[PDB]
């Protein structure tokens, strides 16, 4: 920058001179954030819709893997970097911060789900760099693994990437209209990530692609889902790039994708980042100002020292009490997380109980041996959709809790550094959700049911046989549902522990910072009473000089509104 970065540098210099290492680090993080913002755009959709090819054609770089049956098996984040680099994001137990493990940039195009460096631990995602001018602005794309197919996770598993995302591109090729799972996922996704667009891919392959697009637009409007649809051909885009052909690039309609990313993602988020760094600059300056103006008050107004110091002492004590387990904001957080953990599990099992009841009715209303595949498919879809709805519900409740904790902290004045009256930078935990082992892998009928070797010399009456087969199917359904509830509940629990950790770290950092700034102000006010009058004006002038420089930073920051 000219202005903003200078302002950060300028403020950091003042903080360094005042031995405020905490402020220096805070400003270091803020500056790093505005350079590498990581504005994440999740590329979602079912398998083989053209997600990876879209990403490759866009950046004109083969970071994604594209094959006719294989390719993406792990969530992959692509961000800007002049030099190629890559790392695994490997999970730690009990919602602890994930571990970054450097790998050679190649290993990507391999199955990294069992990368040797991970030591059998869960790989949440892969984060790779690419030197694409497109990413220069701070856009980061998340390619998603194949879902919706046999042996794969359900499309709703993609929802786990969205709480930490700023935008979503929903990929569906123009071979046919939206399926019901696609429609359900879109509705769920918009609850978490409102900024989204449909990319209707492979227009070069399907002559009637416009028919599908218009039918999809109609369907979206009937469902009350406000998402734009953008037609595109990655294939045309790729030739356009090769030929440096502006006209062919227009035909691929990729500029429309660029336009959406620019006007609804990059520009919008750049504004929010701009606001936060300006706020970071202002806060740092105001923390420094408190000690300066407190010492000034002690000088210019000696008869007010008792009230000034008593106030500063009071606020310091409150800031210190805020670091104790008994602090109200921490109580609200801890009790809130505990309640939500139980409530999320209660919600899930309620949804599952309703689903199990429906499936059992279906089983009792037919011949299960004539519908085992159809019954299994419906159950898996219903369960996976419920997991998705549960995840959305949990996200909304977690957001509400974080808001309440924020209010509790602020209303306690634990971030206030105004003069008394006188006269997350860590590794994120986002990844694919987990429900069942894979689609089409549950069968209500088990192997050793003995239908061939169960026949006696004499025939079983049908009534009993139906009853037995139906009871067997019900048993397997209830076990499947219970097993999923166990696995999902575990992920929910660890997720909330992670959120708890992130929020706790955040506010303890603020409390320590406030404690420090108040204690410096306190010492400054005390040390001023020790100087004889002969050195008053000399120190005072220096303070007024410091005061002006800091107020200049605040004002400069304010104008950058």
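Residue numbers count along the first chain shown, from 1.
Peer 1: Can you count the deposited residues that have no coordinates between residue 423 and residue 424 and report it as none, 1 to 3, 4 to 9, or 10 or more?
Peer 2: Unresolved stretch here: 10 or more residues.
Peer 1: Mean CA B-factor: is it higher for 246 to 254 or for 479 to 487?
Peer 2: Looking at the record's C-alpha B-factors, the answer is 246 to 254.
Peer 1: Comparing 231 to 239 with 194 to 202, which stretch shows the greater average C-alpha B-factor in the deposited entry?
Peer 2: On average, C-alpha B-factors are higher across 231 to 239.
Peer 1: Kindly indicate the residue among 494, 505, 535, 520 with the greatest C-alpha B-factor in the PDB record.
Peer 2: Within the set 494, 505, 535, 520, 535 shows the top C-alpha B-factor.
Peer 1: Checking the record values for 92, 459, 346, 358, which has the greatest CA B factor?
Peer 2: Answer for 92, 459, 346, 358: 459, with the highest C-alpha B-factor.
Peer 1: Sort the modelled residues of this chain by their C-alpha B factor and say whether residue 136 lands in the lowest, middle or highest third.
Peer 2: Highest third, going by the recorded CA B-factors of the chain.
Peer 1: So where's residue 174 on the chain's Cα temperature factor ranking, which third?
Peer 2: According to the entry, residue 174 has a C-alpha B-factor in the chain's middle third.
Peer 1: Looking at the entry's B-factor column for C-alpha atoms only, identify whether residue 463 ranks in the lowest, middle or highest third of its chain.
Peer 2: For residue 463, whose C-alpha B-factor we compare with every modelled residue in the chain, the answer is the highest third.
Peer 1: Which third of the chain holds residue 47 when residues are ordered by C-alpha B factor: lowest, middle or highest?
Peer 2: For residue 47, whose C-alpha B-factor we compare with every modelled residue in the chain, the answer is the lowest third.
Peer 1: Using the temperature factors of the C-alpha atoms in this entry, rank residue 221 within its chain: lowest, middle or highest third.
Peer 2: It falls in the top third of the chain.
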